[PDB]
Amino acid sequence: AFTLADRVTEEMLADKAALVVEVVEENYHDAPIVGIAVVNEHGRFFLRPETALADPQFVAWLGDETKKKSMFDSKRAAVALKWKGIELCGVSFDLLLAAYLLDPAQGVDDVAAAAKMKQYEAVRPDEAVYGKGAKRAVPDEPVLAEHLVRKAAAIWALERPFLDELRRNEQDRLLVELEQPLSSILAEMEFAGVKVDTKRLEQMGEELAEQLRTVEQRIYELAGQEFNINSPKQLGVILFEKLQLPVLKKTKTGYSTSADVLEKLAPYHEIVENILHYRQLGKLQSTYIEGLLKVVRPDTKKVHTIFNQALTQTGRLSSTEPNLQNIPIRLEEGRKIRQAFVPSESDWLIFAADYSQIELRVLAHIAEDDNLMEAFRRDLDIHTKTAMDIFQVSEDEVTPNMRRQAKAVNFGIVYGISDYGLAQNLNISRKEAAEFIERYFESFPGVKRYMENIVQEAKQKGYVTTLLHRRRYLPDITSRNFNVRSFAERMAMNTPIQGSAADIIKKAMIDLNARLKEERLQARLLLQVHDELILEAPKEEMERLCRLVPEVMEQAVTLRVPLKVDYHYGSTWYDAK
């Protein structure tokens, strides 16, 4: 039972309401609002957006901090309203972020999935209402209005049970003081966007398109035949059938043609080096040149990513359209992609600051390993120091390969990769890899104690927690399937590390945003990617930012070891190196 309102009335502008501002397009930037539902103490209302968003009282109610709203995925509504010059304020409860903190593994992506967690089923999933894929469409107003009111009614009914469970888990402050404030900060960053020099991307593309055409012609002469190099199965016929190259690894479909297999086949035939070079070049061309160009808004000539705040099981942010968290850096040919990201105003610069080894520093603090804490208190090179300890040699005697192997051990912790995966990584035997690990644990007995304890804790409690009380349930921790149990064990070890690092970065983002406003700076957060924050600011602000941003990031939390931030600035993202 609901009012399909033709006009905004005062009873819809109570100071506590469940609100639904429906944006059905997946990319909500500059996207239509198809309807509005308000549920409060006085009733349930469906409003047409062409009515409500033109009503000054409704817009003023939207923007009034003291008018508390409860929503699901408020960031989608806030950004969509920003593109119409309308501020959304006073969102005191976000059901999507509540459900994500309670159990990230549920994959809660609509109101109905969140409602299921509390045995509430009087709302349909969005997919049942809008369809999927090709058939996706907005239904007519009677069907649309009911779905929106039911979602608002669900939000109305579910706020108190979700808050009760958050408080029981000691996660109420995590929602109210971290994730929800962060959601506003991410909305501003998405709306601001990042300026892209499309002409530089296009000139790189023409460069790649000439080099690809050369390598591809080379590959056809070496195969003595033309074929689709991008088809792994065709390429596998060329390599393993016509060229009789040894089959070192088989996928479930057929033969593996991954980069790491191909580098071991390089000595046998000159086609291999060229296939590798075609793969790196075509990855840049298809994924990063034509990929980025496709999502530059031609009106703003910016990219406006969407940060997914309620996706990963560790608490890390994710980002899409474009994904800027996998923009090339390691290889120089690909690193130059970052030259395409420029300040959005003349006389501004890009400022990037990044945590140095935040994960291992979190580990040192969590495990209280005296050796690992001393290494960071001395600001050592952690890979060199780990090589010194593992191999029981002095700093003068650490070769590059010893350092590369200690580095692989350290990354095998930061990422929770398997005992087996270290062997694959170092290309060694597993008994070699596992003996590396035992020497590491003899050099770092606190890390070992931590790994044993956190696994036991995960089995005993059913989950692990981060510094700021995020949790990840690990039901596969009791599995009799060894491969399944091991992963759960590795996630027991890895999640308090990666997730605590994610907590710290999020807190830094909140602390920075407040400091920037306190300092009356024009600098704006643009991007968070792994352990890095990227800003743009006037040329005139670089010196103050050189002191402010690292200070804020280093003080976000206090651990038993210091946090270290590196920072640079330049006329492009690439140059902020």
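Numbers for residues come from their place in the sequence shown, where the first is 1.
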Which has higher Cα B-factors on average according to the PDB entry: 416 to 424 or 470 to 478? 416 to 424
Between the two ranges 264 to 272 and 166 to 174, the one averaging a larger CA B factor in the entry: 264 to 272
Taking the values straight from the PDB record, which of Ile350, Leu102, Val91, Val215 has the highest C-alpha temperature factor? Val215
Residue selected from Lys507, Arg430, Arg150, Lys461 by maximal Cα B factor: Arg430
Using the temperature factors of the C-alpha atoms in this entry, rank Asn513 within its chain: lowest, middle or highest third. lowest
Looking at the temperature factor on the CA atom of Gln57, which third of the chain's modelled residues does it land in? highest
Based on the deposited C-alpha B factors for this chain, I'd like to know if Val565 is in the lowest, middle or highest third. middle
Of the three thirds of Cα B-factor ranks in this chain, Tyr355 occupies the lowest
Entry-reported C-alpha B-factor of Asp503 relative to its chain, by third, is lowest
